[PDB]
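Inside the fold
Chain by chain, the residues:
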Amino acid sequence: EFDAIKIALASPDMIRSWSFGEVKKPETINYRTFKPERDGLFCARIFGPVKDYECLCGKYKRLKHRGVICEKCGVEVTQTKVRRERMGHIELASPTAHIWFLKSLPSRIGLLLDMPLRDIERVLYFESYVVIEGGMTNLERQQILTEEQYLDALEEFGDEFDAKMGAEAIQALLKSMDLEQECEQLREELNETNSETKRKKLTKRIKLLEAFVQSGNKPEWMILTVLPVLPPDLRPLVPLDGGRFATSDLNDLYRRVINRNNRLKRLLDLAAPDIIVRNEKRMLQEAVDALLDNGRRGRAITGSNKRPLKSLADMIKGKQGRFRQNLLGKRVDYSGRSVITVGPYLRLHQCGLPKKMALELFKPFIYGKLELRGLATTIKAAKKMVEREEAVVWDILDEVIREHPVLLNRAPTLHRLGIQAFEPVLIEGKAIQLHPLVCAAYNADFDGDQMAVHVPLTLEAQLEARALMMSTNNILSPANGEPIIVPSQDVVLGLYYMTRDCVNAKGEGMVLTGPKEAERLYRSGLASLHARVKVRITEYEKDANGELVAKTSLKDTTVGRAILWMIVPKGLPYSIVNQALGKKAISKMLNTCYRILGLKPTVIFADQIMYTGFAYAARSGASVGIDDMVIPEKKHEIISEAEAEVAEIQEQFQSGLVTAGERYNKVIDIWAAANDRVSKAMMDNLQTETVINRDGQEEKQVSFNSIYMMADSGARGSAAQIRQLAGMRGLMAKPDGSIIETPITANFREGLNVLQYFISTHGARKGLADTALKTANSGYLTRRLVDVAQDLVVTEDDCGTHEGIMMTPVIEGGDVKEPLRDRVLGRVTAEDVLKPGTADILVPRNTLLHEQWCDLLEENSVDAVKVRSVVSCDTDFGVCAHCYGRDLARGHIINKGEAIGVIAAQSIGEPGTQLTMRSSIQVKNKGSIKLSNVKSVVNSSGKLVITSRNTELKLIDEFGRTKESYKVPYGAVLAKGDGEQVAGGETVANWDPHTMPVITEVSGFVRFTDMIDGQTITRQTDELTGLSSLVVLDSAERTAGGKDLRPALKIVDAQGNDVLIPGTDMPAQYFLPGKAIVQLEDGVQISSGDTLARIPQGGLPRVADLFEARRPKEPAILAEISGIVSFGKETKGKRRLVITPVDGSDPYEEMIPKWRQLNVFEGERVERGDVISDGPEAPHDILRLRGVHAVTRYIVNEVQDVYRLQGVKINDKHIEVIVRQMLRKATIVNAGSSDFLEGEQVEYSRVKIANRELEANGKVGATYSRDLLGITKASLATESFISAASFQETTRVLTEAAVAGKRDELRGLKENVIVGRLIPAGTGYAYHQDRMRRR
Amino acid sequence: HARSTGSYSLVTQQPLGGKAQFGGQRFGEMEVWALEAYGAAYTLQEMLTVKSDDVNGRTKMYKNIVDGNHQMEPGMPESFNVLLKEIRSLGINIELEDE
Amino acid sequence: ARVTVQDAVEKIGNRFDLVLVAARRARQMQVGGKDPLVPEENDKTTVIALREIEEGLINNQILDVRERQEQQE
RNA sequence: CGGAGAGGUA
DNA sequence: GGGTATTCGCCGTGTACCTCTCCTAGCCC
DNA sequence: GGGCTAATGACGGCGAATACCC
Ligand SMILES: [Mg+2]
Ligand SMILES: [Zn+2]
Ligand SMILES: [Zn+2]
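All residue numbers given refer to positions from 1 along each chain's written sequence rather than to the entry's numbering, and residues for which no coordinates exist are omitted. Chain labels run from A onward and ligand labels from 1 onward, assigned in the order the entries are written. Shown here: chains from a larger assembly, with each value referring to the shown part only. To get the side-chain values, take all heavy atoms of the structure and skip hydrogens and water.

A short note on the coordination of the zinc ion (ligand 2)
Residues and elements named next belong to chain A. Using the following cut-off: Metal coordination here is assigned from N, O and S atoms located within 2.8 Å of the ion, or within 3.2 Å for Na, K and Ca; omission of water means that sites may look incomplete. Burial classification: accessible surface area is computed with a 1.4 Å probe over protein chains only, and a residue below 20% of its type maximum counts as buried, one above 50% as exposed, and the rest as partly exposed.
At 2.2 to 2.5 Å from the zinc ion (ligand 2) lie its protein donor atoms, namely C55 (SG), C57 (SG) and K59 (N). For the zinc ion (ligand 2), the single-chain donor residues occur in sequence as C-x1-C-x1-K. Taking the relative accessible area as the measure of exposure, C55 reaches 10% and is therefore buried.

Here it is as structure tokens:
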């Protein structure tokens, strides 16, 4: 129908064009009759008629008189819908300052007038004055005054000078200002003046001004003159059940405003003295303030008791304003909800549903089939028929259901498996039966959860539901390729019981030709369920080009496992079933079934798993009794010896040997050791409980005790919970978080005392409150992430770029945590993979990679894979297809359109419930030695020390890859070197971290070069030996004279001349910091690498701080420019550091709060982006120094470390596209041959499509700089403003879009959701292809 | 508790909430995000326009379902117009534009 | 009687042209005329349209030729 | 048919 | 002057139900 | 009884507004 939404400022002519009458009188209704009162808020002759097509006096109740107004009462007879459409207005005697431009911070009239806000509030609230056109006076133009100063201005200049007060004077200020002269003056002062705050405020002022001249607005429109009023139906008069009216407070506000304005007109009729009308106009300004935004000015007005009331800003802001209450979430007809129940006989492509709800929902369909069969032609008798529920209507209902899907929906919708589709099957009763496996997708137990049904009406929606949102179409998850149809608890227990090997029972040691007679034996009872038996199976391998080959043999197996074999489809091998079949096992069974046999065998295989699992879990009888938990008899002795040991440590404290904290730590360690002893004891005594005969004497096997199976299957709980049910439940924390010194010795199979139960009550309530507030911050995180990656839709098929990030598996300095395969898997390469058979084109450079190709990659042992990424995608207004690779939860590549930002935000913020909130290296594996950023020399001992700070140790294995990586400090003691081989566990990496090294490059004499004794240094004598050391102190405790007398240690030869360092001509001068302990004295020659001085010394909000990209509490700063380093002026607050390039220009300095333990010396040459003081790594400096790819690598490795530490895996693509939408904006360096301003901030895609064609012609492009905004910030500064009106505030956004006149072209999801057309994401993206192809 | 077509609300032409007042469910905000996450679009378009807000579209929908057709007629959500009359009830000029 | 729409996506890999093609054909088969070219199982035109997709004889091209020829007639 | 306030359900 | 150096407000706050009451009360006729 | 009848138990971030040395 239409296009972009234009916004601007209200003009008084536009206001008078909008309205259809002045409300001159503040009445509301008659309240004696129900008729409205003339010319009040509920006015007929302004707004329209109460009832449809009936005049107020009752003249023309006929449709024939449509259009003609009355003359007895003057009512335009039309519908009553026009009382929803016509606005109104109030003529105002006083011009009025609009409140948002007053107090937006930044105030638009505030910085527009180049005037502080305090004087503006003093002018508006009638307690000051201001100058309008002083001229030839002693008074400046912007100058504000007071009353005695007003008497002065009456004395000296009661003539030609003039001045006013209040908002009328602000209107005169806005009328009395040229804009082009202000533009010229501010541009000149930008070219001339050289102060940073002046540059900032003037560039904001000139941005506002030249944007405002670009806008079609006048500044005095920011001062209200005529107040537009809402239609009456939007502020309606509702009576309660009684003789009153409890309405909205808008009507009370307008009542106050009209009374105030009419009494002000009457007090401009009687010509009052001016102090009273100052107070009266102040009350009117207050009234308009309270009408627009109550509470934004100080102490707010109220309604009922003292409670602050609702205004327009409350109608648009906040949670319960219209965007989050009535636009993005709307109540919807054809809906229902009930308590869920199971009905296990169902297949997963269907759900149960009550008959009465189905008869409630599908009423128009039943009406349609009723008058199609013609059992009742009309509709009212038909409605009585469906009210009666006669004999024919149920067959009609079974007609209209049979192939019509519905949507099922648990209310806390975290991720996109919160809503699915099902084909209903009518069930008696009153509760929704629901297929059980799918419950694990909803995270919905049967404790009383209320799932809601919706019904699609139209034919396209039925095809969307059956074709996209069906349960069959979703068996993998958009988190990652773990199938979400993992079975939950009962059926996995039944399977784990069904495939296990007892050593002897009936049928042990015979042979069987087929699994059919195995089932025939088990249903007979003439055998065990499970016994190691050689049978014949037959498997079907499709090793050829999609062609079945049947092979067979005898396999040793168990009998129930053979029974399970009659369920698996053809292509799976036998070895998938020959194990115990835990939860991980059956999950990867379904995964391999999906990877080999497509879809339909996997779905029917899941159905048959569920049926047979429930059947043989019923045949099992896996109960639990009190004798099913076995207390180890060692526990009495273990607690006794632990009590003896803590008595020993306590009596060693009362003798005075140790401290209290040492006692605390040693006692808590011996308690933890005894706890692990109890753990080992109970785990042994469970898992080898079965010691039985074998048809011979004796044999142990894995135990058929119940709770060991319910823990070993992985059904519910793990070693922690079964540890608490048998052994002691360790230690619990106090509310301060200090771990409690006297642990919980008892266990739940025995009794508990009062006290340990009380301690665990502290722990449990702490856990519950943390889950509550954790779900709170998780919800707010999900909301921010869906409104920061709102706009992003895959729109193209290739962008044809070579760039991409690098992929290596993750190592912190322990095991290789997540291997190269899973990060590479499903993503499309950037450049070709080069095996170390160098120049072997192993894969083509721009191809998709699935799991067979990943096995080809892994067995060829590839160490680093260059791959395309979403942040490096080069797509205009979107993301290309091949940078996104496999759409996870499906097999193939992403289709053209299917938007990823929403599934990214959901798959990040979903496991937030499952999260938590609040020396020397012994190298492990065996391989050759590699170093990165290496610079080394051999010491006097023969060992190898490293003369570079940023050196990493890599351990090449026997394969060639990197399996171990370690952070080595500057100057470690290696027993081996590079180009060599170390053994498994041979100690090489060792250093002393407590002392920073002064290890020397060269050898020679150490004189006392620039070492002043008594003024710069001090002489401290070690009391333990007597061989002392010189001690250089800091900059403030000594005098200021020796502050510029630097400590130095310079190497000279046997002739005393300066030893020349190879590489330069500079000697070896070594500078020292304050608070050091200088080692040597005169007359000693040092070795290369010799110490010359003894130098002294995270949860969900971590995630939230990363996506905000905050500076931490102590930001680790880095080097801004390459070159040699040098110090500067001492302690003008900080210590300044100046890097001078070897060939470039020096003048950047960086202040350092020098209380930090710094890293760099004074004579070092470093790369840009190199560390100065250590600490947490700030993201913005990494972007503006290192690059885009390094900073996205940092964020993805940190947040993958968090989500992987909690063990719930998220694929990298979602995090990467969030990172892309973080840095969507940019900042301009130079204008170039384009027309952008220098300090203009503008988004990256806009300036990219700008300068892309400006290089395509003869002109030159421009330079930019991407700045890395937070998630909540880059949502705001967008092409749209309606998204930011939906997100987190309204006042700032709508003032900015008001002064911009920003023509809001839709371009995105939620904007197109508000206007209610199709979403340009999927089927709507094809629709918008068509409509954009029109224009 | 369920609903086919009941009372609509007064300040916004939207379905009511509750069982006592004979209303329907709330298709919440994250559910709109869930539908956006799937490639489905027509479901959402008839959801928050035809089945919920626009009076002309839903009355013609009622006639079309009793007359055998399955076809939506989008038009415009009424709540969007209510939002626009409130923002225009501020000192803000906001309008609609070209064909 | 239809559980999966996998083969329909095997014949049209885009999965959104699936929805538009099936919806256009099923609208033209719902209200009047242009009889389904498959035997039916007392099931609605949704399942009929997807079933005729999985017989391969419905895509965007057949609808283009037939609508163009009905325009020519 | 509106909004508060209190309790409970996940 | 002017660059940090504080302080001064602004603003956000998990989704979806269900049950119940109480709604402008003031006040000199 | 009624007919008009017009305070105090958050908290983190964050950016704009001054203060105060230098
Ligand atoms: Mg639950
Ligand atoms: Zn009349
Ligand atoms: Zn790309």
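Considering the protein's contact with RNA strand D
Spelled out, the test is: Near is defined per residue: the residue qualifies when any heavy atom it owns lies within 4 Å of the molecule or strand. Distance and chemistry together define a polar contact, namely a pair of N or O atoms within 3.5 Å, with one atom able to donate a hydrogen and the other to accept it when in protein, and with adjacent residues in sequence counting only for side-chain atoms on both sides. Basically, the charged four are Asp, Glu, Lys and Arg, the nonpolar ten are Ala, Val, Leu, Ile, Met, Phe, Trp, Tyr, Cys and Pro, and anything else, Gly included, counts as polar.
Taken together, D241, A246, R307, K310, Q320, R410, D447, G448 and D449 of chain A together with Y8, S9 and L10 of chain B form the complete shell of residues around RNA strand D. If you look at RNA strand D and keep only atoms within 4 Å of the protein, 75% of those are sugar or phosphate atoms. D447 of chain A is positioned with one of its side-chain polar atoms (N or O) 3.1 Å from a sugar or linking oxygen of RNA strand D. One nitrogen or oxygen atom from the side chain of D449 of chain A is found 2.3 Å from a sugar or linking oxygen belonging to RNA strand D. Residue classes in the surface near RNA strand D are distributed as three nonpolar, three polar and six charged.

Side note on the side chain of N409 of chain A
Keep this limit in mind: Numbered from the N terminus, helices here are DSSP runs of H or I no shorter than four residues, and strands are runs of E no shorter than two. Whether two residues are in contact is decided by their heavy atoms, any of which lying within 4.5 Å being enough.
In this fold, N409 of chain A is placed in strand β10 (residues 406-410). Taking the relative accessible area as the measure of exposure, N409 of chain A reaches 4% and is therefore buried. Only 3.4 Å separates the side chain of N409 of chain A from the side chain of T413 of chain A, close enough to count as a polar contact. Apart from the residues lying within four places of it in its own chain, the contact partners of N409 of chain A are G418, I419, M451, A452 and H454 of chain A together with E31 of chain B.

Concerning the nonpolar core
All names here are of chain A. What counts, and what does not: Only buried residues count toward a nonpolar core. Its members are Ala, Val, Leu, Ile, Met, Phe, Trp, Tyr and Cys residues joined through side-chain atoms within 4.5 Å.
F362, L408, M469 and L785 are the most contacted members of the largest nonpolar core, which totals 218 residues. Considering each element in turn, this core owes the most residues, seven residues, to helix α35 (residues 1188-1205). Excluding anything up to four places from it in sequence, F362 contacts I401, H404, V406 and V455. Within the second largest apolar cluster, 39 residues are counted, among which are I537, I567, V568 and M709.

Description of the interface of chain A and chain B
Put simply, the rule is: In short, buried area is how much 1.4 Å probe accessible area vanishes from two parts on joining, totalled over both. Every case where a carboxyl oxygen of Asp or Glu lies within 4 Å of a side-chain nitrogen of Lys or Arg is listed as a salt bridge. Strands were regarded as paired on the criterion that DSSP finds at least two bridges between them.
Taken residue by residue, the interface counts 98 residues in chain A and 75 residues in chain B. A combined buried area of about 8500 Å² lies between chain A and chain B, and 61% of that area is made up of carbon and sulfur atoms. At the boundary of chain A and chain B, one finds five salt bridges. Its salt-bridge partner being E29 of chain B, residue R783 of chain A comes within 2.4 Å of it at the nearest N-O pair. Where chain A packs against chain B, one counts 34 residue pairs in polar contact. Residue classes in the side of chain A that touches chain B are distributed as 56 nonpolar, 18 polar and 24 charged. Bridge analysis of strand β7 (residues 330-331) of chain A against strand β2 (residues 26-27) of chain B gives two bridges, and the strand direction is antiparallel. Looking across to β2 of chain B, one finds that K330 of chain A is bridged to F27 of chain B.

Topic: the interface of chain C and chain B
In this assembly, five residues from chain C lie in contact with seven residues from chain B. Overall, the association of chain C and chain B removes approximately 450 Å² of surface from exposure, summing both partners, and the carbon and sulfur fraction of that is 48%. Among the residues chain C hides against chain B, the three largest losses belong to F16, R27 and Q30 of chain C. Together they make up 75% of the total. Across the contact surface, chain C and chain B share zero salt bridges. Across the contact surface, chain C and chain B share two residue pairs in polar contact.

Brief notes about the sheet that holds strand β38 (residues 1123-1127) of chain A
Residue and element names in this part refer to chain A. The four strands lie next to each other as β40-β39-β38-β41, forming an open sheet whose pairing is antiparallel. Since the sheet does not close on itself, it has two edges, and those belong to β40 (1149-1152) and β41 (1165-1166), each with one partner. Where strand β39 (residues 1135-1140) meets β40, four bridges bridge the pair, whose relative direction is antiparallel. By the bridge assignment, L1137 is partnered in β40 with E1150.

A closer look at the protein's contact with DNA strand E
Every one of the 25 residues lining DNA strand E counts as a neighbour, but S195, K319, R324 and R337 of chain A together with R26 of chain B are closest to it. Backbone atoms, meaning sugar and phosphate, form 88% of the atoms of DNA strand E found within 4 Å of the protein. In this structure, a sugar or linking oxygen belonging to DNA strand E sits 2.7 Å away from a side-chain N or O atom of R337 of chain A. Side-chain polar atom of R26 of chain B to a phosphate oxygen of DNA strand E: 2.6 Å apart, as the coordinates give it.

Examining the coordination of the magnesium ion (ligand 1)
Every protein donor of the magnesium ion (ligand 1) is accounted for by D445 of chain A (OD), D445 of chain A (OD) and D447 of chain A (OD), and the metal-donor separations fall at 2.2 to 2.8 Å. Using a relative accessible area of 56% as the deciding quantity, one classes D447 of chain A as exposed.

What to know about the packing of helix α2 (residues 17-30) of chain C against helix α4 (residues 60-72) of chain C
Helix-helix packing is described using two parameters, namely the angle between the two axes and the distance between the axes. Residue and element names in this part refer to chain C. The criterion, for reference: In this description, a line fitted to the C-alpha atoms serves as the axis of each element, helices being fitted only across the stretch in contact, and the angle between N-to-C directions of two axes falls anywhere from 0 to 180 degrees. Convention used here: angles under 35 degrees read as roughly parallel, angles over 145 as roughly antiparallel, angles from 65 to 115 as roughly perpendicular, and any remaining angle as oblique. If you view the pair so one helix is near and one far, a crossing is left-handed when the near helix is turned anticlockwise from the far one by less than a right angle, and right-handed when it is turned clockwise.
Interaxial distance between α2 and α4 falls to 10 Å at its minimum, and their mutual angle equals 40°. The angle between α2 and α4 falls in the class oblique. As for how α2 packs across α4, the hand of that crossing is left-handed. Listed contacts from α4 to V21, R24, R25 and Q28 of α2 are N60, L63, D64, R66 and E67. Taken together, the residues of the contact of α2 with α4 sort by class into two nonpolar, two polar and five charged.

A look at empty space enclosed by the protein
Remark: the empty space left among the atoms is shown by a probe the size of a water molecule rolled over them. Going by this rule: The method works on a 1 Å grid over the protein atoms by themselves. A cavity is a set of points holding a 1.4 Å probe that cannot get out, a pocket is an open set with protein on both sides within 12 Å along at least five of seven lines, and residues with an atom within 4 Å of a point line them. Grid points are joined across faces, edges and corners, and a volume is the space filled by probe spheres set on the points.
In this structure, the largest cavity encloses a volume near 80 Å³. Contributing to the lining of the largest cavity are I5, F323, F1281, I1282, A1285 and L1294 of chain A together with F80, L83, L84, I87 and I94 of chain B. At the level of elements, α39 (1282-1286) of chain A together with α4 (78-89) of chain B are the ones that each hand at least two residues to the lining of the largest cavity. The greatest single-element share of the lining of the largest cavity, amounting to four residues, is contributed by α4 of chain B. Tallied by class, residues from the lining of the largest cavity come to eleven nonpolar, no polar and no charged.

Some details on the pattern of salt bridges
Counted according to the given criterion, the structure contains 70 salt bridges over all chains. A salt bridge links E1198 of chain A to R1102 of chain A; the shortest N-O distance between them is 3.3 Å. One end of the pair, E1198 of chain A, is in helix α35; the other, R1102 of chain A, is in helix α33 (residues 1100-1108), and 96 residues separate them in sequence. A salt bridge links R25 of chain C to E52 of chain C, with the nearest nitrogen and oxygen atoms 3.9 Å apart.

Digging into the packing of aromatic side chains
All names here are of chain A. Our working rule: The criterion for an aromatic pair is that two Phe, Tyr or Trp rings (for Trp, the six-membered ring) have centres within 6.5 Å, with stacked assigned to planes under 30 degrees apart, edge-to-face to planes over 60 apart and tilted to the rest. Only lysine NZ and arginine CZ atoms are considered, and such an atom sits over a ring when it is within 6 Å of the ring centre and within 35 degrees of the ring normal.
This structure, assessed with the given rule, holds six aromatic pairs over all chains. Aromatic side chains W565 and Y574 sit 5.0 Å apart centroid to centroid with 50° between the ring planes, which places their arrangement in the tilted category. Seen from the ring of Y1244, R1266 lies directly overhead, with NZ or CZ sitting 3.8 Å from the centre. Seen from the ring of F2, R1317 lies directly overhead, with NZ or CZ sitting 5.0 Å from the centre.

What about a positive patch on the surface?
As a reminder, the rule being used: What makes a patch is a set of residues exposed beyond 30% relative accessible area and free of salt bridges, joined within 9 Å when like-charged and within 5 Å when nonpolar (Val, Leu, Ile, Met, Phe, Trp, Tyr). Surface exposure here means Shrake-Rupley accessible area, sampled with a 1.4 Å probe, where a residue is shielded only by the protein chains that are shown. Only four residue types enter the tally: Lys and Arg on the positive side, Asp and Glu on the negative side; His and the chain ends are excluded. To locate a charge, the coordinates of NZ of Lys, CZ of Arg, CG of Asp or CD of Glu are taken.
A cluster of basic side chains, namely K198, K200, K201 and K204 of chain A, defines a positive patch on the protein surface. In this fold, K204 of chain A is placed in helix α9 (residues 196-214).

Structural notes on the sheet that holds strand β44 (residues 1263-1265) of chain A
Residue and element names in this part refer to chain A. Taken together, three strands build an open sheet; the order of strands is β43-β42-β44 and the sheet is antiparallel. Lying at the two open borders of the sheet, with one neighbouring strand each, are β43 (1241-1243) and β44. Ignoring which end each strand starts from, the neighbouring axes of this sheet average 45° apart. Pairing of strand β42 (residues 1225-1230) with β44 involves three bridges; the strand directions are antiparallel. When the bridges of β44 are listed, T1227 appears paired with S1265. Its contacts with the sheet place helix α37 (residues 1244-1256) against β42, β43 and β44, and it is angled at close to 85° to β43.

Purely geometric numbers; function is a separate question.
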